[PDB]
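Please treat every number below as a calculation from the coordinates, not as lab data. Reconstructed Cβ throughout: ideal geometry from the backbone, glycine too, with neighbour counts over all protein chains shown.
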Ligand code: HEM
Ligand code: NI
Ligand code: NI
Ligand code: NI
Ligand code: NI
């Protein structure tokens, strides 16, 4: 039964563009979803896309035989600095499968065991800082989670220390990164982006790229200026060869990979740890249930790989946090052939679909009526969750290659945070979600009162 595609207010030759003139476009797209239903068309000057919000429709969207990952306009803009990398490349492009096969073993279960030692190295530094704060000072959660995650990916992946905790204002790379993603977004708003009115936006943009590129040259420098025998992410980028083609990645792609993993490998993780702590301090005895498990399991000075893997309720909180507010709230898809979505909406070959992940996770027919409440107990048995009902890490082969990396780091850190500290909502903080393609709460502050539990000495 062919249904006609519903669509919000149109605005002349700008179509649906003036509907997103906020710094919270995704949150605006969510409000539209509650208004028009499970699917709606969003038209732009040169773009046409369809946002999905129901598990039923997204179920078929995740069918790889019918749909493949599409570069949305957001990703097409990120490709200006991410380029031929693993995040902003087409599936049919030569370098995706080439880099996928080379870098996938770097995220195997055996690789995760190797990262753990360095993950605790950075996680302890986080505890060190909070332990050494005077009683009056505030804890800036998103700023310090950014310090935690950036140092972690740089160390575990590239054997490189940003030393963000030894820095006052955020790392020069972070400033360039945030401004770049902030420039990728809002450019989605410009009707004529090539209008010279945004010339200062462009030249500021390619200055930030130069900064990111300068960092890459230094990571390669420290590596080639060896340096002990290594076996991390960068080691495989330089030496790894694709079994199917026998070739190693060319340097133009390698630099694109480093940029990709430096940004994609910490930004969304930082937001998650920020969102999680927010939902914990907002839900007291849920935080209590989680605080106990940390104290009950982590019975040593520093956590082990086995101990993090058995912090099961902590992972439930992280997933429930990923449910209500996925830090990567959308991924795009295109129809490989002509087909009919949900037996109602006909699609041309190449038509784009945007999976609005927050509204997916708020499907009342999947989770119930308490879609807004924070119940980590939903993830008691993951078996009881329908297929493609909960996808904060994308879909299929184009899914997040560092999902285990994030979840382990997010569990390891949050566990130590609950073991060593009690937390207080210093303000009656009202959630303000800042959008820079990704999602991260802004101006979130707390105060930690130590339990005075000592550490080890992070030796490995
Ligand atoms: C912590 C929360 C994270 C979330 C919510 C998240 C989300 C996602 C999503 C939705 C995709 C699919 C992109 C698309 O389909 O357009 C993706 C892919 C990817 N992610 Fe993550 N991610 C997270 C953490 C990480 C971490 C820790 C890494 C570490 C390297 C990482 C690296 C990547 C890479 C390289 C891809 C592209 C892989 C490919 O296309 O083959 N992400 N992620
Ligand atoms: Ni019918
Ligand atoms: Ni104060
Ligand atoms: Ni290797
Ligand atoms: Ni409870």
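Within this structure, residue 280 fails the test of being farther than 24 Å from residue 139 by Cβ, touching a residue at least 40 places away in the same chain (Cβ under 8 Å) and touching a helix residue (DSSP H, G or I) at 6+ places or on another chain (Cβ under 7 Å).
If you check residue 304 against the conditions, is it touching a helix residue (DSSP H, G or I) at 6+ places or on another chain (Cβ under 8 Å) and surrounded by fewer than 19 Cβ atoms within 10 Å (Cβ to Cβ)? Outline the logic, then answer.
Working: touching a helix residue (DSSP H, G or I) at 6+ places or on another chain (Cβ under 8 Å): yes; surrounded by fewer than 19 Cβ atoms within 10 Å (Cβ to Cβ): yes.
Answer is yes for this residue.
The requirement of being surrounded by 16 or more Cβ atoms within 10 Å (Cβ to Cβ) and under 30 Å from residue 458 (Cα atoms) is fulfilled nowhere in region 365-388; no residue meets it. Among the residues of region 87-98, those identified as crowded, with 21+ Cβ neighbours inside 10 Å and within 20 Å of the chain's Cα centre (by Cα) are 87, 88, 89. For region 240-252, taking the residues that are part of a loop (DSSP other than H, G, I, E, B) and surrounded by fewer than 14 Cβ atoms within 10 Å (Cβ to Cβ), the one that is farthest from ligand 1 (Cβ to nearest atom) is identified as 246.
Taken together, the criteria place residue 255 among residues that are in contact (Cβ under 8 Å) with a residue 40 or more places away in the chain, within 16 Å of ligand 1 (Cβ to nearest atom), over 17 Å from residue 373 (Cβ atoms) and over 12 Å from the mean Cα position of the chain (by Cα).
Yes or no, residue by residue, for (1) closer than 28 Å to residue 176 by Cα; (2) within 21 Å of the chain's Cα centre (by Cα); (3) within 16 Å of ligand 4 (Cβ to nearest atom):
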| position | (1), (2), (3) |
| --- | --- |
| 296 | no, no, no |
| 308 | no, yes, no |
| 321 | yes, yes, no |
| 325 | yes, yes, no |
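Of the residues making up region 331-355, those that are touching a helix residue (DSSP H, G or I) at 6+ places or on another chain (Cβ under 6 Å) and within 18 Å of residue 396 (Cα to Cα) are 333, 353, 355. Scanning region 376-391 for residues that are without any contact (Cβ under 8 Å) to a residue 60 or more places away in the chain and part of a loop (DSSP other than H, G, I, E, B) returns 381, 385. Does region 406-427 contain any residue that is crowded, with 20+ Cβ neighbours inside 10 Å and within 16 Å of ligand 5 (Cβ to nearest atom)? Taking every residue of region 406-427 in turn, at least one turns out to be crowded, with 20+ Cβ neighbours inside 10 Å and within 16 Å of ligand 5 (Cβ to nearest atom). For residue 45, the conditions (1) at positive phi; (2) in contact with a helix residue (DSSP H, G or I) (Cβ under 9 Å, 6 or more places away or on another chain); (3) surrounded by fewer than 15 Cβ atoms within 10 Å (Cβ to Cβ) are fulfilled apart from (1). Please indicate, with yes or no, whether at least one residue in region 430-447 is over 23 Å from the mean Cα position of the chain (by Cα), within 13 Å of residue 280 (Cβ to Cβ), more than 11 Å from ligand 1 (Cβ to nearest atom) and surrounded by fewer than 20 Cβ atoms within 10 Å (Cβ to Cβ). Checked against the condition, which is being over 23 Å from the mean Cα position of the chain (by Cα), within 13 Å of residue 280 (Cβ to Cβ), more than 11 Å from ligand 1 (Cβ to nearest atom) and surrounded by fewer than 20 Cβ atoms within 10 Å (Cβ to Cβ), region 430-447 yields no hits at all. Within region 251-269, one or more residues are within 16 Å of ligand 4 (Cβ to nearest atom) and over 25 Å from residue 122 (Cα atoms).
Restricted to helices (runs of 4 or more DSSP H) entirely inside region 141-239, those with at least 1 residues that are touching a residue at least 12 places away in the same chain (Cβ under 8 Å) and in contact with a strand residue (DSSP E or B) (Cβ under 7 Å, 6 or more places away or on another chain) are 141-158, 172-184. Residues that are farther than 25 Å from residue 92 by Cα, part of a helix (DSSP H, G or I) and in contact (Cβ under 8 Å) with a residue 12 or more places away in the chain were ranked within region 335-366; the one that is farthest from ligand 1 (Cβ to nearest atom) is 365.
Applying the condition of being more than 16 Å from ligand 4 (Cβ to nearest atom) and in a loop (DSSP other than H, G, I, E, B) to region 392-405 and asking which residue is surrounded by the fewest Cβ atoms within 10 Å (Cβ to Cβ) yields 399.
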